[PDB]
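Asker: If you scroll down you'll find the structure; I have some questions about it.
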Amino acid sequence: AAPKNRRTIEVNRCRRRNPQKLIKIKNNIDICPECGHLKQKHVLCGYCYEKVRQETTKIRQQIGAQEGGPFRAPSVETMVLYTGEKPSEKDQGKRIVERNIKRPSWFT
Amino acid sequence: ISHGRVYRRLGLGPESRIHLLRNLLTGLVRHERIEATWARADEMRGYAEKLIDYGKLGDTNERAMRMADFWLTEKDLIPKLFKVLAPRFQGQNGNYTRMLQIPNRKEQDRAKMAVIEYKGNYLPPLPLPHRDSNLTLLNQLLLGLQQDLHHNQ
Amino acid sequence: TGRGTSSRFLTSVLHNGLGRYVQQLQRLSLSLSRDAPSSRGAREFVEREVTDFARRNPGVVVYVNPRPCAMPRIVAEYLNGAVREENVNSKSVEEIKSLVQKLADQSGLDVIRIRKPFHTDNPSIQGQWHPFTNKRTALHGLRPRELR
Amino acid sequence: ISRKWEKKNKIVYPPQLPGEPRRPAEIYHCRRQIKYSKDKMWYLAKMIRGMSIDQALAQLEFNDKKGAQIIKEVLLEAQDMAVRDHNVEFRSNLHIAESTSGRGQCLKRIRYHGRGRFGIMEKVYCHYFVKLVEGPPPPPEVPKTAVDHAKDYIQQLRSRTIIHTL
Amino acid sequence: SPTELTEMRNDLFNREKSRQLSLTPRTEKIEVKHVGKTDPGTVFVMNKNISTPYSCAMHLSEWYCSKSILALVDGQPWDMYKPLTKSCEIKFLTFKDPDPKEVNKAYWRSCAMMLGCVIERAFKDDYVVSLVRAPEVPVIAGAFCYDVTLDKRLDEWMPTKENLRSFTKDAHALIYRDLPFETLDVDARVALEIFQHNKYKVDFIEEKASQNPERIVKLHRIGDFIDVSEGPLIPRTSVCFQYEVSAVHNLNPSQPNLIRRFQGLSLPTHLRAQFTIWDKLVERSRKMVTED
Amino acid sequence: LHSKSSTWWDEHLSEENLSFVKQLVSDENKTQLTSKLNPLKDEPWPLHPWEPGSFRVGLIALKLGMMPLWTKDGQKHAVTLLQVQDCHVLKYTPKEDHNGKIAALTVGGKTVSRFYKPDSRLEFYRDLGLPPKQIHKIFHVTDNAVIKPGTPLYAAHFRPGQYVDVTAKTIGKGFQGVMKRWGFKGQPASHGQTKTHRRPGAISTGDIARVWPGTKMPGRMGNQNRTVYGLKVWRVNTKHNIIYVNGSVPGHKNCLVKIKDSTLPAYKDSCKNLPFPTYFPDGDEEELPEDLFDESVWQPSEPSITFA
RNA sequence: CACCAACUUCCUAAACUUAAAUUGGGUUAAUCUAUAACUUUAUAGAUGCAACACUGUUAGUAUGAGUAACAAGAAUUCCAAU
Ligand SMILES: [Mg+2]
Ligand SMILES: [Mg+2]
Ligand SMILES: [Mg+2]
Ligand SMILES: [Mg+2]
Ligand SMILES: [Mg+2]
Ligand SMILES: [Mg+2]
Ligand SMILES: [Mg+2]
Ligand SMILES: [Mg+2]
Ligand SMILES: [Mg+2]
Ligand SMILES: [Mg+2]
Ligand SMILES: [Mg+2]
Ligand SMILES: [Mg+2]
Ligand SMILES: [Mg+2]
Ligand SMILES: [Mg+2]
Ligand SMILES: [Mg+2]
Ligand SMILES: [Mg+2]
Ligand SMILES: [Mg+2]
Ligand SMILES: [Zn+2]
C-alpha cells in the first residue's frame with residue numbers, strides 16, 4: 001500500500017510536536033557532598049566512583065606481578081599495606097600487597 | 001502471558017543462559033568485585049548467595065564438591081571457596097553480596113550498569129550513600145517525641 | 001478582493017463643510033525636460049494652462065522645475081499629510097489638464113473600499129429602540145404569575 | 001552560505017545616560033558543521049528553552065542522546081566568553097533566550113538494493129544556534145482564571161453594533 | 001495610631017542605612033578565600049561594605065545560592081545578605097551538613113520573628129498589643145515560642161480553633177510574599193528611639209548594649225515589621241514550607257498584666273515531612289514549653 | 001537549583017528514626033481499631049424491623065483459595081474461600097443526594113500502609129478515625145437498613161443456606177489475538193496456505209465500504225469487572241471470619257471481592273431470617289460456634305458415610 | 001383575496017443587444033541596431049521575441065519517514081595482554 005496523497009507541513013507539525021514525543025524534564029538530580037559534582041539520587045556518584053576504580057586497578061596490577069602466572073590463587077586472605085605501615089599480629093600468615101604511595105585519606 | 005516466571009531469557013537459549021551466568025560467577029569469586037549490565041548482574045546475584053551455602057556444608061560433603069566443581073571453571077578457586085569465603089560468612093544467615101547501580105556506560109549503546117561484590121573484601125570501600133545524621137532539624141524533633149513517649153509511660 | 005484589502009468608514013478631514021469649506025490640496029510639483037519628445041505635452045501645458053490654473057486656485061503653491069529629465073512627473077501633497085505621485089510620460093495637454101483638476105477636488109483620504117455610503121453622528125431624535133419600548137407596564141410592577 | 005550569527009556579537013551601542021535602566025548583555029554563539037540530523041537536534045534544543053544556564057547544563061548531563069553532549073560544550077564556551085569578553089559579572093546569572101537547529105550542507109551517495117537497483121542516500125549535517133541573555137529567567141505562564149475568562153465574554157457582548165443599518 | 005509607629009520607624013530605619021552607605025567613599029577591594037571542602041582555593045576579589053556572602057555564591061553556581069542558608073566568616077556565622085567588612089575566609093552551611101547546630105538556631109529564630117509579625121496585625125485596631133520578648137528554646141523542646149502582652153479588655157477571652165486557623169492563613173500569606181531578612185547593626189541610641197514606647201523592648205535593648213563593648217545592637221526587618229535579634233536569621237521567608245500556629249497558653253503568675261505565649265512549628269522546603277509524621281509533631285507542640 | 005524536587009518519606013529519616021517511625025505508625029493503627037470495637041455502646045442509630053422489599057449491606061473480602069467438600073450423599077463440590085479483613089462502613093448518602101431512588105453506603109477493607117498515599121485520602125480517613133483501606137465500593141441500602149459510619153462488619157453477617165453474588169476484576173491476559181479472544185476457528189495448517197494461520201478472514205461486506213462499530217478484533221483481554229450470580233454458602237468460620245462459597249469467583253488469589261446477597265428472582269425475600277441490620281457481636285447475647293455448617297454438608301470427624 | 005421571488009423591464013449614470021473548429025481587424029511585454037535622450041525615455045529598422053500542463057530535459061528540495069533495514073561471545077591485571 002502506497003500513500004495516496006502528500007502529508008502537509010501543518011499536519012506533520014502536529015504529529016512530531018505532540019507532548020507525547022518531547023523530552024521529559026528530570027527531578028532527581030542532586031549535588032554530591034564530597035566532590036560537588038552532580039548525580040542522581042538513586043545512583044552512585046560518577047566522580048567519586050572513578051577515584052576508587054583507579055586505585056583498584058593499581059592494587060590488582062601489583063597482585064598480578066607477585067603471582068607471576070595463572071592458577072595461582074592463594075587459599076588465605078589478602079591485605080593491602082602502604083609505605084610506613086607494618087603488619088600487625090592479626091596480619092600473620094596473610095598475603096600482603098605493597099603500595100609505594102601513602103594511604104589514601106578516603107581509604108580506611 | 002508470563003505470570004510467575006522467575007527467570008530472564010538471555011543468550012542463545014536455556015543452556016546458553018546458564019553458561020553466561022557461570023562465567024560471571026567465576027569472575028566474582030576470583031576478583032570479588034565485578035561490573036556487568038544491571039539485568040545480568042541482577043540475575044546472577046541469586047546464584048552467588050546459594051554458592052556460599054554449599055561452601056558452608058564443608059569440604060567432605062560429596063554433593064557440595066560436585067556443585068562447586070560445575071560452577072567454578074577455573075579449579076584453583078575451589079580451595080578459596082571452602083577455606084576463605086565460607087569461613088568469612090559463618091555468623092550471617094544471608095545477605096552475602098552488595099549490589100548498586102552505576103552511571104550509564106559511555107559506549108554508544110548507553111546500557112544500564114551495576115557493580116556487584118562480596119561483603120568483607122580487601123578492596124577500597126565503595127562510595128555508598130549515607131543517611132542523614134540525627135543532628136539535623138527534622139531528626140531532632142522526632143528524637144524529642146521519642147523521649148517524651150518513652151519517659152511518660 | 002474585499003477580504004484581501006483594507007476598508008474604512010466615510011469621513012471628512014476636519015468637518016470640512018460645517019462652517020467653511022477649505023481646499024485640501026496645498027502643493028504641486030512638476031518636473032520637465034527642455035528638449036525631450038516624452039515631455040512635449042507637459043511643456044505645452046506650462047505654456048498655456050499653468051498660470052490660469054494657479055489663479056483659479058490661490059491656496060495651492062505650484063513649483064515648475066525644468067531640468068534634464070527622462071519622465072515628467074507630478075507630485076501632489078495635502079493638508080492631512082498624504083502624498084500622491086503620477087507619471088506624465090508622453091501625454092497630451094488635454095490629458096494632463098484633466099488629471100490636474102481631479103487632484104484639486106480630492107481629499108488626501110485613502111481610496112479603498114468604503115463600508116457604508118452614509119455617516120451620521122446623531123442617528124436618533126426620538127430614542128433608540130430597546131426591547132421594553134412597545135411593552136405595556138403592569139400594576140404594582142408584578143412580573144407574570146407573581147402572587148403579591 | 002550565510003554567517004550572520006557570528007557578526008551579531010560586534011554591535012556597539014552609544015553610552016547610556018544616567019537616568020535609564022541598565023541594559024542587559026547578550027551573547028551569540030554557534031557550531032556550524034555537525035554530523036547529526038537537524039530533526040533530532042530539534043528535540044534537544046527545544047527542551048532547554050527559557051531555562052537558566054545551570055538548570056540547562058544539569059539536564060543535559062543525564063541525557064543519552066549524542067546531541068546532548070555537543071550542545072553542552074557549546075553552552076560552556078558561551079558562558080566563558082560572556083564573562084571574559086562581554087562584561088558579565090556572575091557566571092550563574094544567565095538564561096537561554098534562543099536555541100534552535102538548522103540544516104547544513106549534505107552529501108549524496110548510493111544505497112544498494114536487491115535486483116541491481118539502488119537509491120540515493122544523504123549524509124546529513126546541521127547547525128546549532130544559541131543566544132544568552134543576562135538576568136534571571138523570566139517568570140512562567142499562568143493559565144487564565146475563571147474570572148478572567150468571564151471578563152472577556154462581557155467585553156465581546158459590549159462590542160456588538162447594529163449591522164448594515166443607519 | 002499604630003500606622004504612625006510603622007511609618008516613623010521605617011523612616012529612621014531607612015535614614016540609618018543611607019548614613020552608613022554614605023560613610024564609605026569609592027570602592028575598596030578585599031581578598032576573601034574559599035575554605036570549604038568543594039571548589040577549594042577560589043579567591044573572590046570583592047567591594048568592601050557592599051558585596052555580601054550571597055554575591056560570592058553567585059560567582060560559583062546556582063546550587064550554592066539555593067542550598068546555602070548561612071556562611072562562616074572566620075568561624076563566626078554571618079547572614080547571607082549582610083555586607084562583608086574585611087578580608088577573611090568563607091564557608092557555606094546547609095541544612096544537611098553533618099553538624100547543622102548553628103543553622104538550626106538561625107532557622108528557629110526566624111520562624112518566631114514571623115510569628116510576632118502575624119500577631120500585631122491580626123487583632124482589631126481598638127485593642128493594644130505589645131510584644132515583650134522571644135524566648136530561646138532548644139529545638140528538642142518541640143516548638144518555638146513568642147511572649148506577648150494583650151489588652152486588659154481581652155483578659156477574659158481565649159482564642160477558639162477558628163481563630164488559630166486564621167493566624168496560620170496569615171503566616172502562609174507572609175511566606176508567599178517571599179521577603180528578604182534585612183540586617184542592621186546600630187548604636188543603642190537609635191534602637192531606643194525606635195522602641196521608646198515598648199518599655200519591655202527598651203530594657204532588653206539596654207541589656208544587649210551593655211553586654212557588647214560598644215553600643216551595637218542587631219536590628220532585623222521583614223517588610224514593615226522591625227525587631228531586635230539574638231543572632232543571624234534565614235536569608236528569605238520563602239525557605240519555609242510547612243507552618244502552623246499550635247496553641248496559646250496563659251502564664252499563671254500574671255497578676256499585673258496577662259502574658260500569653262504563642263507556640264508554633266515549621267519545616268523548611270529542603271526537609272519536608274510526610275503527612276502523618278507532621279501530625280504527630282504538631283500534637284506534641286501543643287504542650288507548655290518552659291525556658292531552661 | 002530554584003526548581004522542583006521530589007521527596008519520599010524515607011529521604012530524610014536517620015538510622016534511629018527510621019525504625020522508630022515504623023513502630024509509631026503501627027501502634028496508631030491498633031489504637032484506632034480497638035476504639036471501634038463497640039458500636040452498640042456508641043450511640044447506634046435506631047434499629048427498625050424487617051419489611052418486605054428490604055435490602056441489606058454487603059462486605060469486602062479477600063480470595064484465599066479453593067478446596068474440596070462433600071455432602072451427605074457423597075457428591076463432591078469445589079469451594080472457594082473468602083476472608084473478611086478489617087471491613088468498616090465509611091460514608092452514607094441520603095436517597096436524594098445519591099440520585100438513585102434508593103440510598104447508598106460505602107464500605108472499605110484490607111488496611112494498607114499510609115506512606116505512599118495522596119493527602120486527600122489521608123484527610124478523609126482522619127475524619128473517620130480509621131487507618132486507610134485499599135478499596136471502596138458502594139451498596140444500595142433501604143432506609144430501615146441504614147447503619148452508622150464507622151461500624152465494623154464481620155463474616156457472620158452471612159449464614160449458611162443463603163445464595164450470594166460476587167463481583168471482581170478478572171485475570172489480565174494482555175493484548176491477544178482473535179482466536180484466543182473470541183474463539184475464531186482460523187485456517188488450515190497445510191495444503192498451500194501462505195502466511196495465514198491464526199488471522200481473521202473478511203472484516204465485513206464490500207458494499208458498505210466501512211467497518212461496523214463493535215466489530216470483534218484483536219485487543220487487550222481480561223482485567224474487567226465481572227459478576228457471578230447465585231452461589232450458595234456452605235459454611236462459615238466465626239473464629240477467622242471465613243466464608244465458603246460454591247464454585248468459582250473471578251480474579252486471582254489475594255484479590256479483593258465484593259459480596260452481597262443474591263438479586264435473582266427466586267431468592268427475593270430470604271433476608272428476613274438473616275440478621276436484618278447486621279450482626280453485632282458486641283451485644284454478646286450468645287457466643288457463636290467456631291464453625292457453622294449446612295445440613296446437607298458432611299462434616300469431618302463424623303462416621304464414614306454408608307449409602308444404606 | 002394579497003405578499004415573496006431572475007440585470008427580464010424601469011429608475012441615477014451609462015450602454016445600443018443571444019457553446020464553439022475556423023475567419024477579419026486594433027494594441028502591447030522583452031532584447032539588439034540607427035539617430036536621439038540621461039535615475040532609464042522617443043521615432044524607425046530587426047529577431048533564437050513571452051509556457052499552471054508534452055508519464056518533456058537538467059539541477060535543486062519535499063512526501064512516504066526519522067519509517068523498512070543494518071552490527072560487536074564474557075570477566076579482568078588489558079585489542080598482536082591473560
Ligand atoms: Mg487537524
Ligand atoms: Mg515476569
Ligand atoms: Mg530521500
Ligand atoms: Mg462439580
Ligand atoms: Mg497478566
Ligand atoms: Mg486449527
Ligand atoms: Mg505457514
Ligand atoms: Mg458508506
Ligand atoms: Mg438586459
Ligand atoms: Mg468561444
Ligand atoms: Mg522562444
Ligand atoms: Mg513539464
Ligand atoms: Mg524527511
Ligand atoms: Mg508508517
Ligand atoms: Mg513499526
Ligand atoms: Mg525493525
Ligand atoms: Mg556476532
Ligand atoms: Zn561524588
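A note on labels: chains of the C-alpha cells are A, B, ... as shown, every chain counts residues from 1, and ligands are counted from 1 in their shown order.
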Neighbouring residues of stretch 55-62 of chain B were defined as those with any atom within 12 Å, considering only C-alpha atoms (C1' of nucleotides); residues of the same chain fewer than 6 positions away were excluded. Please report them as a list in words.
Answerer: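 The residues satisfying every condition are residues 48, 49, 68, 69, 77, 78, 79, 80, 81, 82, 83, 84, 85, 86, 87, 88, 89, 90, 91, 92, 93 and 94 of chain B.
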Asker: Mind listing the residues within 12 Å of ligand 14, only C-alpha atoms (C1' of nucleotides) and all ligand atoms counted, as a PyMOL selection string?
Answerer: (chain A and resi 1-3) or (chain G and resi 64-68)
Asker: Show me, as a count of residues only, the residues of chain B whose atoms get within 12 Å of chain G, using only C-alpha atoms (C1' of nucleotides) for the distance check.
Answerer: 27
Asker: DSSP on the backbone, then: every residue of stretch 79-118 of chain B marked helix (DSSP H, G or I), written as a list in words.
Answerer: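 Selection result, helix (DSSP H, G or I) within stretch 79-118 of chain B: residues 79, 80, 81, 82, 83, 84, 85, 86, 87 and 88 of chain B.
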Asker: Within 8 Å of residue E:234, counting only C-alpha atoms (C1' of nucleotides), which residues qualify if same-chain residues fewer than 4 places away don't, as a VMD selection string?
Answerer: chain E and resid 69 to 70 79 to 80 106 to 107 110 181 239
Asker: Using only C-alpha atoms (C1' of nucleotides) and all ligand atoms, which residues of the polymer chains come no farther than 12 Å from ligand 4? I'd like the answer as a list in words.
Answerer: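 Written in the requested form, the residues are residues 68, 69, 70, 71, 74, 75, 76, 77, 78, 79, 246, 247 and 248 of chain F.
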Asker: With 10 Å as the cut-off and only C-alpha atoms counted, what is the closest atom pair between each nearby residue of chain F and chain E? Distances in Å to one decimal, ordered by chain and number, as a tab-separated table.
Answerer:
```
residue	atom	partner	partner_atom	distance
F:1	CA	E:63	CA	5.3
F:2	CA	E:66	CA	6.1
F:3	CA	E:66	CA	9.3
F:5	CA	E:270	CA	9.2
F:7	CA	E:272	CA	7.8
F:8	CA	E:274	CA	7.6
F:9	CA	E:274	CA	5.6
F:10	CA	E:274	CA	9.1
F:11	CA	E:271	CA	8.8
F:12	CA	E:271	CA	6.8
F:13	CA	E:273	CA	9.4
F:21	CA	E:277	CA	8.0
F:24	CA	E:277	CA	9.4
F:25	CA	E:276	CA	8.3
F:114	CA	E:276	CA	7.8
F:115	CA	E:274	CA	7.5
F:116	CA	E:274	CA	9.3
F:117	CA	E:275	CA	9.2
F:118	CA	E:275	CA	9.0
F:119	CA	E:275	CA	6.8
F:122	CA	E:275	CA	7.9
F:123	CA	E:275	CA	9.1
F:126	CA	E:276	CA	9.8
```
Asker: Return as a ChimeraX atom specification the residues of protein, DNA or RNA that approach ligand 18 to within 10 Å, with only C-alpha atoms (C1' of nucleotides) and all ligand atoms taken into account.
Answerer: /A:31-39,44-51 /B:127-128
Asker: May I ask you to write as number ranges by chain all residues lying at most 10 Å from ligand 11, with only C-alpha atoms (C1' of nucleotides) and all ligand atoms counted?
Answerer: G: 48-51
Asker: Can I get the selection written as a PDB file, in the first residue's frame, with N, CA, C and O atoms (P, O5', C5', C4', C3', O3' and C1' of nucleotides)?
Answerer:
```pdb
ATOM      1  P     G G  48      17.040  35.121 -34.986  1.00  0.00           P
ATOM      2  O5'   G G  48      16.712  34.003 -33.899  1.00  0.00           O
ATOM      3  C5'   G G  48      15.503  33.255 -33.953  1.00  0.00           C
ATOM      4  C4'   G G  48      15.252  32.485 -32.676  1.00  0.00           C
ATOM      5  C3'   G G  48      14.931  33.332 -31.447  1.00  0.00           C
ATOM      6  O3'   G G  48      14.024  32.629 -30.596  1.00  0.00           O
ATOM      7  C1'   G G  48      16.880  32.071 -31.038  1.00  0.00           C
ATOM      8  P     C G  49      12.457  32.986 -30.573  1.00  0.00           P
ATOM      9  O5'   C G  49      12.411  34.560 -30.338  1.00  0.00           O
ATOM     10  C5'   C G  49      12.859  35.130 -29.119  1.00  0.00           C
ATOM     11  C4'   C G  49      11.870  36.129 -28.573  1.00  0.00           C
ATOM     12  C3'   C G  49      10.422  35.673 -28.519  1.00  0.00           C
ATOM     13  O3'   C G  49      10.160  34.916 -27.350  1.00  0.00           O
ATOM     14  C1'   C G  49      10.560  37.876 -29.415  1.00  0.00           C
ATOM     15  P     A G  50       9.121  33.696 -27.351  1.00  0.00           P
ATOM     16  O5'   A G  50       8.382  33.849 -25.949  1.00  0.00           O
ATOM     17  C5'   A G  50       9.125  33.855 -24.734  1.00  0.00           C
ATOM     18  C4'   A G  50       8.368  34.512 -23.605  1.00  0.00           C
ATOM     19  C3'   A G  50       7.123  33.767 -23.136  1.00  0.00           C
ATOM     20  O3'   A G  50       6.924  33.996 -21.741  1.00  0.00           O
ATOM     21  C1'   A G  50       6.501  35.892 -23.934  1.00  0.00           C
ATOM     22  P     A G  51       7.158  32.817 -20.676  1.00  0.00           P
ATOM     23  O5'   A G  51       6.066  31.724 -21.056  1.00  0.00           O
ATOM     24  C5'   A G  51       4.720  31.847 -20.612  1.00  0.00           C
ATOM     25  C4'   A G  51       4.097  30.504 -20.327  1.00  0.00           C
ATOM     26  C3'   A G  51       4.732  29.717 -19.177  1.00  0.00           C
ATOM     27  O3'   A G  51       3.715  29.062 -18.419  1.00  0.00           O
ATOM     28  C1'   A G  51       4.728  28.404 -21.133  1.00  0.00           C
TER      29        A G  51
END
```
